[PDB]
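Letter by letter, the chains look like this.
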Amino acid sequence: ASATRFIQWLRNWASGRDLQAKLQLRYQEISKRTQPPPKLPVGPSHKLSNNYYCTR
Amino acid sequence: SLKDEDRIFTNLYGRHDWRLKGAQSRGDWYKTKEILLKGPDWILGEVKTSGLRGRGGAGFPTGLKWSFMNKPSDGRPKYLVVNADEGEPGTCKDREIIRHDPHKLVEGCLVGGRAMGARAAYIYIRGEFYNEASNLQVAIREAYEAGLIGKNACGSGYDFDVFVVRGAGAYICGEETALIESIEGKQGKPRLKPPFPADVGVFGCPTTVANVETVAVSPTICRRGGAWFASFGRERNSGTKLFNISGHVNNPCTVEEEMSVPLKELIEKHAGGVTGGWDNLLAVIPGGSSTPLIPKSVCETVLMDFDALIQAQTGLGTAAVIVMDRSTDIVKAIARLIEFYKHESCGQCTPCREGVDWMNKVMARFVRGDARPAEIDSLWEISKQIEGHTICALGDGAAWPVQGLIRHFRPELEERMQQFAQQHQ
Ligand SMILES: Cc1cc2nc3c(=O)[nH]c(=O)nc-3n(C[C@H](O)[C@H](O)[C@H](O)COP(=O)(O)O)c2cc1C
Ligand code: SF4
């Protein structure tokens, strides 16, 4: 038998609680193509005035 | 203590009728025989005792400046350079002191001839002035033919002849090294001032560069009393300087007012536009173009002096008035002045040829208002970088007024920036 309902009882019985968190575990919440094009933020520089290398 | 109204006994008087014979009737070349007979210690000593400030747009005192070109012993013959070319836009001293009364400037060349020890004198006029150049040459033609300049000058051993040399539409005749290089034959670019000043090398000769208004004070100090020019004005600043009232005014006129005169009374004496300092938004410039714009809060209290104006963060050097109205745009006007510096920068110092030209392109964005609020704060640092590191003082002159857009202003700049950004986006 390959039916999940009866098998899930066996794997839970034989040492420790299972059911959730599978071996494969790549079904839901796996985002393909990452995200829409983002904008990377700038640090303490980039913005002009008082950006001398004498201070840095 | 306060500055007198106009002064009845003024140095400049030629405005109505003077040609050649009229100069003798007015009060010129009167004690020319006595002044030439007197030694260099008596001539330069009288100028040092009077304490006449520099009439040109520099601020440097004349008393010390003439002393360097005394020349105890020299191989090369000494020359005299008189820069009569028009300075900053607003200052119209060149058009008035040369076209109306030319003999007053010619008297200074003879008085400064024996004092400096000059073999030949040069009068440098701007290329734009051709009608003024025709009057200046004709007065020199009448002077040479009479027998007062050349060979025997007023019964003295020193022989000095004045020669007029016309330029060609250049602002880079301002600096002492710039006017010397322009007459030399090479391109109109100023030599380095720290190693070789005016007294070291000018047309291969130890010379001295002086303004036409500064040269006009020399016969006034010699013929008339030295105390007469010294008493009128302030303790530090002395001598009646011709301040021309121009800009947004109902009656623009050049007046020969005394030193340390209040700006509120100066506009009232020449009749201004809307008001002396109440109705119109007061953004009047204490100088020609070099000086930063003075606010409405500090204008009536401040006096138009050579030293006192610099203490109020607005150093007046060119000695001219440029008043602005409430209706006229402040940002658009000064952006044109920076564009004037873009056309008239020589092109040597990289913080000026690639600095002021870059400053104009950023300022062109400020008129339309397509700039960030952070760009105002940045531009103030660039103007500080230009001011200190240049050959000539044009780099200074294109740095001071743009700093005047940061000081006292900025709500005017932010409102132009925020409204244009919201409308476009
Ligand atoms: C932007 C600028 C423009 C100037 N233009 C002139 C000019 O056209 N004629 C002049 O005689 N002096 C001019 N000067 C003053 C010069 O520094 C001059 O070579 C010298 O200092 C005049 O000396 P004096 O004031 O003792 O006569 C100018 C200065 C600056 C900063
Ligand atoms: S400051 Fe500008 S105009 Fe003056 S010498 Fe340098 S490049 Fe030329």
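- As summarised from the PDB record, the model derives from cryo-EM at a stated resolution of 4.13 Å.

- For chain B, the PDB entry supplies the name NADH dehydrogenase [ubiquinone] flavoprotein 1, mitochondrial and the organism Bos taurus.
- For this structure, the PDB entry title reads "Mitochondrial complex I in the deactive state".
- Listed under Catalytic activity in UniProt, the entry text for chain B is "a ubiquinone + NADH + 5 H(+)(in) = a ubiquinol + NAD(+) + 4 H(+)(out)".
- The UniProt entry for chain B carries this comment under Subunit (literature references left out): "Core subunit of respiratory chain NADH dehydrogenase (Complex I) which is composed of 45 different subunits. This is a component of the flavoprotein-sulfur (FP) fragment of the enzyme. Interacts with RAB5IF (By similarity)."

- The PDB entry lists chain A under the name NADH dehydrogenase [ubiquinone] 1 alpha subcomplex subunit 7, with Bos taurus as the source organism.

## Things to note about the overall build of chain A
Inference 1: Each helix and strand counted, chain A has one helix and zero strands in total.
Inference 2: In terms of C-alpha radius of gyration, chain A reaches 26 Å, well past the compact-globule figure of 10 Å for 56 residues.
Inference 3: Across its three principal directions, the C-alpha atoms of chain A cover 75 × 25 × 10 Å.

## So, the UniProt feature "binding site: [4Fe-4S] cluster" in chain B
Residue and element names in this part refer to chain B.
Inference 1: Under the local residue numbering, the UniProt record ascribes the feature "binding site: [4Fe-4S] cluster" to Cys-346, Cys-349, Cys-352 and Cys-392. These annotated residues cover 47 residues of sequence, and their C-alpha atoms lie no more than 10.0 Å from one another, placing them together at a single site.
Inference 2: Those residues in contact with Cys-349 that lie beyond four places of it in its chain are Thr-390 and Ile-391.
Inference 3: Here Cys-352 is to be found in helix α14 (residues 350-353).
Inference 4: When neighbours within four sequence positions are excluded, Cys-352 is seen to be in contact with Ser-345, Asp-357 and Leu-394.

## Here's the deal with the interface of chain B and chain A
Inference 1: Between chain B and chain A, the residue contacts involve four residues of the former and four residues of the latter.
Inference 2: Grouping the amino acids of the side of chain B that touches chain A by side-chain chemistry returns no nonpolar, two polar and two charged.

## Looking at the packing of aromatic side chains
Inference 1: The interplanar angle of 15 degrees and the centroid separation of 5.7 Å between the aromatic rings of A:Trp9 and A:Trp13 together place this pair among those described as stacked. Taken as a pair, A:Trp9 and A:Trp13 lie in helix α1 (residues 4-13) at a separation of four residues, close to a single helical turn.
Inference 2: An aromatic cluster is built from B:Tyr171, B:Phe340 and B:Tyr341, whose rings are joined through pairwise contacts.

## Some remarks on the side chain of B:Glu381
Inference 1: Secondary-structure assignment places B:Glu381 in helix α16 (residues 374-388).
Inference 2: Separated by 3.4 Å, the side chains of B:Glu381 and A:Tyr52 make a polar contact.
Inference 3: Here B:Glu381 is in contact with A:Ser49, A:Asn50 and A:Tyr52, once residues within four sequence places are set aside.

## Digging into the pattern of salt bridges
All names here are of chain B.
Inference 1: Across the salt bridge formed by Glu-339 and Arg-336, the nearest N and O atoms sit 2.8 Å from each other. Placement of the pair is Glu-339 and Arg-336 together in helix α13 (residues 330-344), with a separation of three residues, close to one helical turn.
Inference 2: A salt bridge links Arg-353 to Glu-354; the shortest N-O distance between them is 2.9 Å.

## Things to note about the pairing of strand β3 (residues 162-166) of chain B
Residues and elements named next belong to chain B.
Inference 1: Alignment of strand β2 (residues 120-125) against β3, held across five bridges, turns out to be parallel. Residue pairing for β3: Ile-123 is matched across the bridge by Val-164.
Inference 2: The β-α-β motif built from β2, the intervening helix α7 (residues 131-146) and the parallel element β3 has right-handed crossover chirality.

## Side note on the sheet that holds strand β9 (residues 320-323) of chain B
Residue and element names in this part refer to chain B.
Inference 1: The strand order β6-β5-β9 describes an open sheet built from three strands, whose pairing is mixed. Of all the strands in the sheet, just β6 (253-255) and β9 have a single pairing partner and so form its edges. The sheet shows a mean angle of 20 degrees between the axes of neighbouring strands, direction not considered.
Inference 2: Alignment of strand β5 (residues 243-247) against β9, held across four bridges, turns out to be parallel. When the sheet's bridge partners are listed, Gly-247 is paired in β9 with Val-323.

## Focus: unusual backbone geometry
Inference 1: The phi torsion at A:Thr34 lies on the positive side, around 50 degrees, for a residue other than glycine.
Inference 2: A positive phi angle, near 60 degrees, is found at B:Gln313, a position not held by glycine.
Inference 3: Among the secondary structure elements, B:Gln313 is positioned in the loop between α12 (308-311) and β9.

## What about the pairing of strand β1 (residues 79-83) of chain B?
All names here are of chain B.
Inference 1: The pairing of β1 with β2 spans five bridges and is classified as parallel. In the strand pairing of β2, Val-81 is matched with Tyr-122.
Inference 2: Examined bridge by bridge, β1 and strand β4 (residues 207-211) share five bridges and lie parallel to one another. Note that in β4 the partner of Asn-83 across the bridge is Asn-211.

Calculation rules
- Residues numbered from 1 in each chain as written, not as in the entry; some residues may be left out.
- Chains lettered and ligands numbered in written order.
- Part of a larger assembly, values for the part shown.
- Heavy atoms only, no water.
- Residues with missing side-chain atoms left out of burial classes, pairs and counts.
- UniProt positions renumbered as here; feature names shortened; annotations may be inferred.
- Helix = DSSP H or I, 4+ residues; strand = E, 2+ residues; numbered from the N terminus.
- Rg over C-alpha atoms; globule rule 2.2 N^0.38 Å.
- Contact = heavy atoms within 4.5 Å.
- Nonpolar A, V, L, I, M, F, W, Y, C, P; charged D, E, K, R; others polar.
- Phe/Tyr/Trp six-rings, centres within 6.5 Å; stacked < 30°, edge-to-face > 60°.
- Polar contact = N/O pair within 3.5 Å; in protein donor to acceptor, adjacent residues only side chain to side chain.
- Salt bridge = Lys/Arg side-chain N within 4 Å of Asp/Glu carboxyl O.
- Pairing = 2+ DSSP bridges.
- Right-handed = clockwise from strand over helix to strand, strands pointing away.
- Axes fitted to C-alpha atoms, helices over the stretch in contact; angles between N-to-C directions.

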